[PDB]
$ cat data.cif   # mmCIF, C-alpha atoms and all ligand atoms
data_protein
loop_
_atom_site.label_atom_id
_atom_site.label_comp_id
_atom_site.auth_asym_id
_atom_site.auth_seq_id
_atom_site.Cartn_x
_atom_site.Cartn_y
_atom_site.Cartn_z
CA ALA A 2 283.22 -15.89 -16.67
CA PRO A 3 286.76 -15.82 -18.15
CA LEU A 4 287.59 -16.32 -21.83
CA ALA A 5 289.41 -19.54 -20.96
CA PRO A 6 290.05 -21.45 -17.77
CA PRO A 7 293.37 -21.01 -15.96
CA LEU A 8 296.33 -23.27 -16.65
CA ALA A 9 296.82 -26.49 -14.73
CA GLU A 10 299.32 -26.18 -11.88
CA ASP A 11 301.95 -28.15 -13.80
CA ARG A 12 301.49 -26.36 -17.14
CA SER A 13 303.56 -23.55 -18.58
CA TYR A 14 301.23 -23.01 -21.52
CA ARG A 15 298.14 -24.13 -23.40
CA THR A 16 297.90 -24.18 -27.20
CA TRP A 17 294.83 -23.04 -29.14
CA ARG A 18 293.64 -23.65 -32.67
CA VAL A 19 292.81 -20.22 -33.99
CA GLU A 20 289.24 -21.39 -34.67
CA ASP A 21 288.90 -22.53 -31.05
CA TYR A 22 290.34 -19.27 -29.71
CA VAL A 23 287.90 -17.24 -31.82
CA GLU A 24 284.93 -19.18 -30.46
CA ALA A 25 286.12 -18.66 -26.90
CA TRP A 26 286.71 -14.99 -27.71
CA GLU A 27 283.21 -14.65 -29.15
CA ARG A 28 281.61 -16.29 -26.11
CA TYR A 29 283.51 -13.94 -23.81
CA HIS A 30 282.89 -10.68 -25.70
CA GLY A 31 279.34 -11.83 -26.42
CA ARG A 32 279.54 -11.13 -30.13
CA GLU A 33 280.87 -12.29 -33.45
CA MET A 34 284.41 -11.41 -34.46
CA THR A 35 284.32 -9.19 -37.57
CA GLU A 36 286.22 -9.58 -40.82
CA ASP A 37 288.55 -6.70 -39.99
CA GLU A 38 289.19 -8.34 -36.61
CA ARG A 39 289.88 -11.78 -38.10
CA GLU A 40 292.25 -10.15 -40.56
CA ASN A 41 294.10 -8.45 -37.69
CA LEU A 42 294.24 -11.69 -35.68
CA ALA A 43 295.82 -13.42 -38.69
CA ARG A 44 298.86 -11.19 -38.22
CA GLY A 45 300.00 -13.41 -35.35
CA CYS A 46 301.04 -12.41 -31.86
CA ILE A 47 300.64 -8.73 -32.63
CA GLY A 48 297.12 -9.49 -33.84
CA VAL A 49 296.03 -11.10 -30.58
CA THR A 50 296.78 -7.82 -28.80
CA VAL A 51 295.38 -5.52 -31.53
CA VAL A 52 292.14 -7.43 -31.54
CA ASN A 53 291.87 -7.22 -27.75
CA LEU A 54 292.40 -3.44 -27.67
CA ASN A 55 289.21 -3.25 -29.77
CA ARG A 56 290.34 0.01 -31.33
CA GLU A 57 289.85 0.68 -35.01
CA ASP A 58 292.24 3.65 -34.86
CA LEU A 59 295.14 1.27 -34.20
CA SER A 60 296.98 -0.96 -36.62
CA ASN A 61 299.81 -1.57 -34.14
CA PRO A 62 299.62 -1.69 -30.35
CA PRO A 63 300.76 1.71 -29.04
CA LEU A 64 304.07 1.73 -27.15
CA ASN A 65 303.66 5.17 -25.53
CA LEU A 66 303.44 3.87 -21.98
CA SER A 67 306.03 1.09 -21.73
CA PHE A 68 307.76 -0.01 -18.53
CA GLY A 69 310.61 -2.29 -17.41
CA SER A 70 308.46 -4.16 -14.90
CA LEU A 71 304.94 -5.58 -14.75
CA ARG A 72 304.32 -4.02 -11.32
CA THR A 73 304.87 -0.50 -12.66
CA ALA A 74 302.50 -1.20 -15.56
CA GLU A 75 299.94 -2.44 -13.07
CA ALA A 76 300.24 0.76 -11.02
CA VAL A 77 299.87 2.88 -14.13
CA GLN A 78 296.88 0.80 -15.22
CA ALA A 79 295.14 1.35 -11.89
CA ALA A 80 295.91 5.07 -11.94
CA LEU A 81 294.52 5.49 -15.46
CA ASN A 82 291.43 3.37 -14.80
CA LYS A 83 290.74 5.52 -11.74
CA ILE A 84 290.79 8.69 -13.89
CA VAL A 85 288.69 7.39 -16.82
CA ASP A 86 286.19 6.01 -14.29
CA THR A 87 285.15 9.64 -13.67
CA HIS A 88 284.17 9.97 -17.36
CA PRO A 89 286.50 12.88 -18.17
CA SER A 90 286.57 14.88 -21.40
CA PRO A 91 290.01 14.94 -23.05
CA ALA A 92 290.79 18.28 -21.35
CA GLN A 93 289.70 16.95 -17.94
CA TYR A 94 291.87 13.88 -18.46
CA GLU A 95 294.93 16.05 -19.12
CA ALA A 96 294.30 18.01 -15.93
CA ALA A 97 293.75 14.83 -13.88
CA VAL A 98 296.89 13.23 -15.23
CA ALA A 99 298.87 16.34 -14.16
CA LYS A 100 297.74 15.97 -10.52
CA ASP A 101 298.23 12.20 -10.21
CA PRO A 102 301.37 11.34 -8.17
CA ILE A 103 302.39 8.54 -10.56
CA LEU A 104 301.15 9.73 -13.94
CA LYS A 105 302.52 13.30 -13.76
CA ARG A 106 306.12 12.08 -13.86
CA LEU A 107 305.56 10.03 -17.02
CA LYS A 108 306.00 10.75 -20.72
CA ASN A 109 303.21 10.30 -23.31
CA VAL A 110 300.27 9.92 -20.92
CA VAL A 111 298.22 12.62 -22.62
CA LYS A 112 298.94 11.18 -26.06
CA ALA A 113 297.81 7.73 -24.82
CA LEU A 114 294.17 8.80 -24.65
CA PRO A 115 292.15 8.31 -27.84
CA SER A 116 290.17 11.60 -27.96
CA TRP A 117 287.44 10.27 -30.28
CA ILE A 118 286.38 7.47 -27.89
CA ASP A 119 284.28 8.64 -24.94
CA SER A 120 286.20 7.96 -21.73
CA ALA A 121 283.33 5.94 -20.23
CA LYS A 122 284.02 3.32 -22.94
CA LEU A 123 287.73 2.97 -22.12
CA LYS A 124 289.82 0.75 -19.91
CA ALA A 125 293.57 0.63 -19.37
CA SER A 126 294.94 -2.76 -20.44
CA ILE A 127 298.39 -4.39 -20.34
CA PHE A 128 300.42 -6.31 -22.83
CA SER A 129 304.07 -7.30 -22.83
CA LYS A 130 306.34 -6.83 -25.78
CA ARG A 131 309.61 -8.61 -26.38
CA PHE A 132 312.03 -7.20 -28.92
CA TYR A 133 315.65 -6.74 -29.99
CA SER A 134 317.63 -3.77 -28.68
CA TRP A 135 319.84 -3.20 -31.71
CA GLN A 136 317.22 -1.27 -33.68
CA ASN A 137 319.76 0.47 -35.90
CA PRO A 138 322.67 -1.64 -37.12
CA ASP A 139 324.75 1.57 -37.06
CA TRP A 140 324.36 1.91 -33.28
CA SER A 141 327.33 0.95 -31.15
CA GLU A 142 326.80 -1.94 -28.75
CA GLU A 143 326.79 0.53 -25.86
CA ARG A 144 323.96 2.49 -27.49
CA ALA A 145 321.96 -0.66 -28.32
CA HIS A 146 322.21 -1.93 -24.75
CA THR A 147 321.35 1.29 -22.93
CA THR A 148 318.69 2.82 -25.19
CA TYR A 149 315.83 0.80 -23.70
CA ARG A 150 316.89 0.92 -20.07
CA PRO A 151 314.03 1.81 -17.72
CA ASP A 152 314.08 5.21 -16.06
CA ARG A 153 315.67 4.59 -12.63
CA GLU A 154 312.83 6.57 -11.05
CA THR A 155 309.67 5.85 -13.05
CA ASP A 156 310.64 2.53 -14.65
CA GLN A 157 309.49 3.99 -18.00
CA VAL A 158 311.16 2.75 -21.16
CA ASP A 159 311.66 5.22 -23.98
CA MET A 160 310.34 3.46 -27.10
CA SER A 161 310.55 6.37 -29.55
CA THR A 162 313.65 4.95 -31.30
CA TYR A 163 312.00 1.58 -31.86
CA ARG A 164 311.77 0.54 -35.55
CA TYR A 165 310.47 -3.07 -35.40
CA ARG A 166 313.86 -4.37 -36.54
CA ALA A 167 314.56 -8.08 -35.93
CA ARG A 168 317.79 -9.60 -34.79
CA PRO A 169 319.05 -10.90 -38.18
CA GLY A 170 317.81 -14.49 -38.56
CA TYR A 171 315.15 -14.21 -35.83
CA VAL A 172 311.54 -13.03 -35.36
CA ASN A 173 311.09 -9.26 -34.85
CA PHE A 174 308.92 -9.37 -31.74
CA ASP A 175 306.50 -11.12 -29.46
CA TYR A 176 303.36 -9.55 -27.98
CA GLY A 177 301.57 -11.02 -25.00
CA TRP A 178 298.12 -9.89 -23.97
CA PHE A 179 297.69 -9.80 -20.21
CA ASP A 180 294.60 -11.77 -19.22
CA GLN A 181 294.09 -10.60 -15.66
CA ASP A 182 291.18 -12.97 -15.02
CA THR A 183 293.48 -16.00 -15.14
CA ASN A 184 296.89 -14.34 -14.86
CA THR A 185 298.00 -15.68 -18.26
CA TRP A 186 299.65 -14.16 -21.28
CA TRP A 187 298.13 -14.64 -24.73
CA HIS A 188 300.39 -14.71 -27.73
CA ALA A 189 300.98 -16.70 -30.92
CA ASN A 190 303.73 -18.19 -33.05
CA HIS A 191 303.45 -16.16 -36.27
CA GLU A 192 300.99 -14.87 -38.86
CA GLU A 193 298.60 -17.08 -40.84
CA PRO A 194 298.78 -19.66 -42.20
CA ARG A 195 299.49 -22.24 -39.42
CA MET A 196 299.14 -19.62 -36.72
CA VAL A 197 298.71 -21.12 -33.24
CA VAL A 198 297.53 -19.12 -30.23
CA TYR A 199 299.33 -19.60 -26.92
CA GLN A 200 298.13 -19.05 -23.38
CA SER A 201 301.25 -18.91 -21.20
CA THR A 202 302.44 -18.25 -17.72
CA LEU A 203 304.45 -15.03 -17.52
CA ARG A 204 307.60 -17.04 -16.85
CA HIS A 205 307.08 -19.07 -20.01
CA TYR A 206 306.18 -16.06 -22.14
CA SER A 207 309.32 -14.32 -20.79
CA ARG A 208 311.77 -17.24 -21.08
CA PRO A 209 315.31 -16.63 -22.50
CA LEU A 210 315.31 -16.68 -26.29
CA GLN A 211 317.89 -15.89 -28.97
CA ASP A 212 315.36 -13.61 -30.71
CA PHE A 213 314.99 -11.01 -27.98
CA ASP A 214 317.01 -9.16 -25.34
CA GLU A 215 314.38 -6.66 -24.20
CA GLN A 216 310.95 -6.97 -22.63
CA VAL A 217 308.55 -4.18 -21.66
CA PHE A 218 305.15 -4.06 -20.03
CA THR A 219 302.89 -1.61 -21.77
CA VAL A 220 299.70 0.11 -20.78
CA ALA A 221 297.22 1.13 -23.44
CA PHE A 222 293.56 2.04 -23.61
CA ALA A 223 291.24 -0.65 -24.81
CA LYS A 224 287.64 -0.03 -25.79
CA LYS A 225 285.14 -1.94 -23.60
CA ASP A 226 282.52 -4.26 -25.10
CL CL B 301 306.04 -21.64 -16.00
#
$ encode --input "data.cif" --output "structure tokens" --more "lines below"
Ligand SMILES: [Cl-]
Amino acid sequence: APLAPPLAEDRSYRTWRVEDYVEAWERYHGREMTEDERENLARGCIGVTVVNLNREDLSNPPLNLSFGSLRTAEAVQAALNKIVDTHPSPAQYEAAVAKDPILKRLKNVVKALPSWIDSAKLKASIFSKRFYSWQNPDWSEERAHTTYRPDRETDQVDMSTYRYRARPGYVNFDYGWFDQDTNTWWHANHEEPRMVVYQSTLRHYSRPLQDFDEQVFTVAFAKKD
């Protein structure tokens, strides 16, 4: 039973009072949201994703495994879920990753595993991040506009230069949590107060905006309930 129903056929998004989202969240995860979790949620869009990763070792969603297209992220998700479904130790995970036709060509796959969480408690999850390319005002325009181009072979986007810099006069980022039960994207407007949670179609979440000129689809390990 999904956290929320799907969107109507003629709807691009549904808006949620934070209080109503939390109740739906608590029904779905079958437990009360903690104070640390509520505090993370109050950070806005980034909080929706941090709370859903369910990982106390994270304050920000990890960008290690970021890709130019949703389909690549979905393939990487399936590959990773297949490996952690065998309950590997960290060393067994590294070996498995090395043999996997998709994962072995990627950067940061080994780093993506949280060693202190047993692999039987993990699942690969997806979120989409929108951001501004000009992360250093000193960069030339050519550098800004090529730094986050996806690898022509693996579709992987190098995020190591990313500094959470906003386009001057705009919001720094958006994060959208991929709800694969209903095929919607969960985000928010900004941090508390007056935070509103959004449940959007991918097209609406991805729509042209002055704030952002880059979008990636990112795979990260979440901790199961
Ligand atoms: Cl739409």
$ closest_atom_pairs --input "data.cif" --of "chain A" --to "ligand CL 301 (chain B)" --cutoff "7 Å" --atoms "all atoms listed in the file" --output "JSON lines"
{"residue": "A:12", "atom": "CA", "partner": "B:CL301", "partner_atom": "CL", "distance": 6.7}
{"residue": "A:13", "atom": "CA", "partner": "B:CL301", "partner_atom": "CL", "distance": 4.1}
{"residue": "A:202", "atom": "CA", "partner": "B:CL301", "partner_atom": "CL", "distance": 5.2}
{"residue": "A:203", "atom": "CA", "partner": "B:CL301", "partner_atom": "CL", "distance": 7.0}
{"residue": "A:204", "atom": "CA", "partner": "B:CL301", "partner_atom": "CL", "distance": 4.9}
{"residue": "A:205", "atom": "CA", "partner": "B:CL301", "partner_atom": "CL", "distance": 4.9}
$ residues_around --input "data.cif" --residues "region 161-168 of chain A" --least-positions-apart "4" --cutoff "8 Å" --atoms "all atoms listed in the file" --output "count of residues only"
10
$ residues_near_point --input "data.cif" --point "(311.0, 4.7, -16.9)" --cutoff "9 Å" --atoms "only C-alpha atoms" --output "short mmCIF file (atom, residue, chain, number, x, y, z; two decimals) with C-alpha atoms, keeping the file's coordinate frame"
data_model
loop_
_atom_site.label_atom_id
_atom_site.label_comp_id
_atom_site.auth_asym_id
_atom_site.auth_seq_id
_atom_site.Cartn_x
_atom_site.Cartn_y
_atom_site.Cartn_z
CA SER A 67 306.03 1.09 -21.73
CA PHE A 68 307.76 -0.01 -18.53
CA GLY A 69 310.61 -2.29 -17.41
CA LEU A 107 305.56 10.03 -17.02
CA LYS A 108 306.00 10.75 -20.72
CA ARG A 150 316.89 0.92 -20.07
CA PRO A 151 314.03 1.81 -17.72
CA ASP A 152 314.08 5.21 -16.06
CA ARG A 153 315.67 4.59 -12.63
CA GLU A 154 312.83 6.57 -11.05
CA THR A 155 309.67 5.85 -13.05
CA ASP A 156 310.64 2.53 -14.65
CA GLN A 157 309.49 3.99 -18.00
CA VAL A 158 311.16 2.75 -21.16
CA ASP A 159 311.66 5.22 -23.98
#
$ axis_aligned_box --input "data.cif" --around "region 170-183 of chain A" --padding-each-side "4 Å" --output "lines of an AutoDock Vina configuration file"
center_x = 304.5
center_y = -12.6
center_z = -26.8
size_x = 34.6
size_y = 14.7
size_z = 31.5
$ closest_residue --input "data.cif" --among "A:10, A:119, A:214, A:37" --to "residue 94 (chain A)" --atoms "all atoms listed in the file"
A:119
$ residues_around --input "data.cif" --residues "residue 55 (chain A)" --least-positions-apart "3" --cutoff "10 Å" --atoms "all atoms listed in the file" --output "PDB file with C-alpha atoms, keeping the file's coordinate frame"
ATOM      1  CA  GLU A  38     289.190  -8.340 -36.610  1.00  0.00           C
ATOM      2  CA  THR A  50     296.780  -7.820 -28.800  1.00  0.00           C
ATOM      3  CA  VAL A  51     295.380  -5.520 -31.530  1.00  0.00           C
ATOM      4  CA  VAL A  52     292.140  -7.430 -31.540  1.00  0.00           C
ATOM      5  CA  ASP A  58     292.240   3.650 -34.860  1.00  0.00           C
ATOM      6  CA  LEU A  59     295.140   1.270 -34.200  1.00  0.00           C
ATOM      7  CA  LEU A 123     287.730   2.970 -22.120  1.00  0.00           C
ATOM      8  CA  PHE A 222     293.560   2.040 -23.610  1.00  0.00           C
ATOM      9  CA  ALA A 223     291.240  -0.650 -24.810  1.00  0.00           C
ATOM     10  CA  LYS A 224     287.640  -0.030 -25.790  1.00  0.00           C
ATOM     11  CA  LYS A 225     285.140  -1.940 -23.600  1.00  0.00           C
ATOM     12  CA  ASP A 226     282.520  -4.260 -25.100  1.00  0.00           C
TER      13      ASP A 226
END
$ atom_distance --input "data.cif" --atom1 "CA of residue 45 (chain A)" --atom2 "CA of residue 194 (chain A)"
9.4 Å
$ residues_around --input "data.cif" --residues "residue 29 (chain A)" --least-positions-apart "2" --cutoff "12 Å" --atoms "all atoms listed in the file" --output "PDB file with C-alpha atoms, in the coordinates of the input"
ATOM      1  CA  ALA A   2     283.220 -15.890 -16.670  1.00  0.00           C
ATOM      2  CA  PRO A   3     286.760 -15.820 -18.150  1.00  0.00           C
ATOM      3  CA  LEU A   4     287.590 -16.320 -21.830  1.00  0.00           C
ATOM      4  CA  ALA A   5     289.410 -19.540 -20.960  1.00  0.00           C
ATOM      5  CA  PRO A   6     290.050 -21.450 -17.770  1.00  0.00           C
ATOM      6  CA  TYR A  22     290.340 -19.270 -29.710  1.00  0.00           C
ATOM      7  CA  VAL A  23     287.900 -17.240 -31.820  1.00  0.00           C
ATOM      8  CA  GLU A  24     284.930 -19.180 -30.460  1.00  0.00           C
ATOM      9  CA  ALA A  25     286.120 -18.660 -26.900  1.00  0.00           C
ATOM     10  CA  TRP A  26     286.710 -14.990 -27.710  1.00  0.00           C
ATOM     11  CA  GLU A  27     283.210 -14.650 -29.150  1.00  0.00           C
ATOM     12  CA  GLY A  31     279.340 -11.830 -26.420  1.00  0.00           C
ATOM     13  CA  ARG A  32     279.540 -11.130 -30.130  1.00  0.00           C
ATOM     14  CA  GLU A  33     280.870 -12.290 -33.450  1.00  0.00           C
ATOM     15  CA  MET A  34     284.410 -11.410 -34.460  1.00  0.00           C
ATOM     16  CA  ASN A  53     291.870  -7.220 -27.750  1.00  0.00           C
ATOM     17  CA  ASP A 182     291.180 -12.970 -15.020  1.00  0.00           C
ATOM     18  CA  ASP A 226     282.520  -4.260 -25.100  1.00  0.00           C
TER      19      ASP A 226
END
$ atom_distance --input "data.cif" --atom1 "CA of residue 219 (chain A)" --atom2 "CA of residue 128 (chain A)"
5.4 Å
$ closest_residue --input "data.cif" --among "A:221, A:118, A:92, A:66" --to "residue 179 (chain A)" --atoms "only C-alpha atoms"
A:221
$ closest_residue --input "data.cif" --among "A:8, A:110, A:64, A:42" --to "residue 81 (chain A)" --atoms "all atoms listed in the file"
A:110
$ closest_residue --input "data.cif" --among "A:9, A:113, A:96, A:54" --to "residue 183 (chain A)" --atoms "all atoms listed in the file"
A:9
$ residues_around --input "data.cif" --residues "residue 188 (chain A)" --least-positions-apart "2" --cutoff "6 Å" --atoms "all atoms listed in the file" --output "ChimeraX atom specification"
/A:46,176-177,198-199
$ atom_distance --input "data.cif" --atom1 "CA of residue 187 (chain A)" --atom2 "CA of residue 49 (chain A)"
7.2 Å
$ closest_residue --input "data.cif" --among "A:78, A:190, A:129, A:70" --to "residue 103 (chain A)" --atoms "only C-alpha atoms"
A:78
$ closest_residue --input "data.cif" --among "A:144, A:191, A:149, A:89" --to "residue 217 (chain A)" --atoms "all atoms listed in the file"
A:149
$ residues_around --input "data.cif" --residues "residue 181 (chain A)" --least-positions-apart "5" --cutoff "10 Å" --atoms "all atoms listed in the file" --output "list in words"
residues 3, 126, 127 and 186 of chain A
$ write_last_selection --input "data.cif" --atoms "C-alpha atoms" --output "short mmCIF file (atom, residue, chain, number, x, y, z; two decimals), in the frame of the given file"
data_model
loop_
_atom_site.label_atom_id
_atom_site.label_comp_id
_atom_site.auth_asym_id
_atom_site.auth_seq_id
_atom_site.Cartn_x
_atom_site.Cartn_y
_atom_site.Cartn_z
CA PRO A 3 286.76 -15.82 -18.15
CA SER A 126 294.94 -2.76 -20.44
CA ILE A 127 298.39 -4.39 -20.34
CA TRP A 186 299.65 -14.16 -21.28
#
